[PDB]
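Q:
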Amino acid sequence: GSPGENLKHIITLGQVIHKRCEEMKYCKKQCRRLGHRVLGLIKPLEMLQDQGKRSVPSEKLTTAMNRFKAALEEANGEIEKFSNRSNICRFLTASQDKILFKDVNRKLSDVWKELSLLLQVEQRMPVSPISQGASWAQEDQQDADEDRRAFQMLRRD
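Just so we're aligned, residue 54 is where the sequence shown starts under our numbering, counting upward by one.
1. Three-state secondary structure (DSSP) at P97?
2. For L171 versus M178, is the C-beta spacing smaller than 8 angstroms?
3. Flag this pair as touching only if the segment 119-126 and the segment 174-192 have three or more C-beta atom pairs under 8 angstroms; answer yes or no.
4. Let's see if you can read the secondary structure: which residues bound the alpha helix (DSSP H) around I63?
5. Where do the N-terminal and C-terminal ends of the alpha helix (DSSP H) with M178 fall, by residue?
6. What is the C-beta distance between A117 and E167, in whole angstroms, given that I count them as a contact (C-beta under 8 angstroms)?
7. Output needed for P56: all residues of its chain with C-beta closer than 7 angstroms, excluding positions within five of it in sequence on either side, in chain order.
8. Judging by CA-CA distance, which residue of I64, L87, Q68, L60 is the nearest neighbour of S162?
9. Could you round the C-beta distance between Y79 and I141 to whole angstroms and report it? I think they count as a contact, below 8 angstroms.
10. Classify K81: buried if its beta carbon has 16 or more other beta carbons within 10 angstroms, exposed otherwise.
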């Protein structure tokens, strides 16, 4: 357990995600949308810490922060390990889906789904559109098919 700092840890985790991605120069180009969007979710999250509770965080709240932590580490963990051209080529070749944050985008919805419900029920604010569905990954596949053509140039040498 490590409250207080954890609050900011979440934001930073989601922020760097966008930096690490943009820093990369691979198929992640299309996935960049994820790292850029993830920032919109943490944006309002700050409102919670801003309140300045100055005490132990709510169980329900922490429960979402503890699980959400994976959404970040995982998101960046993908591109991080796939940073190596040889490491990314292995996946694309050993996988049909040309997406990095394929599952990351799905799981994220599961976590955000709760966080949002708590924000709309407590903060009573118009939380981002979390109720999307499988369509979320659908669009990712559409572009993933295109990028596949670009990755080709990387194959040869």
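From the three backbone atoms N, C-alpha and C, an ideal C-beta is built for every residue, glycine too.
A: So, from the listed chains and residues:
1. helix
2. no
3. no
4. 58-76
5. Premise fails: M178 is in no alpha helix (DSSP H) and is neither H nor E.
6. 5 angstroms
7. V109, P110
8. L87
9. 5 angstroms
10. buried
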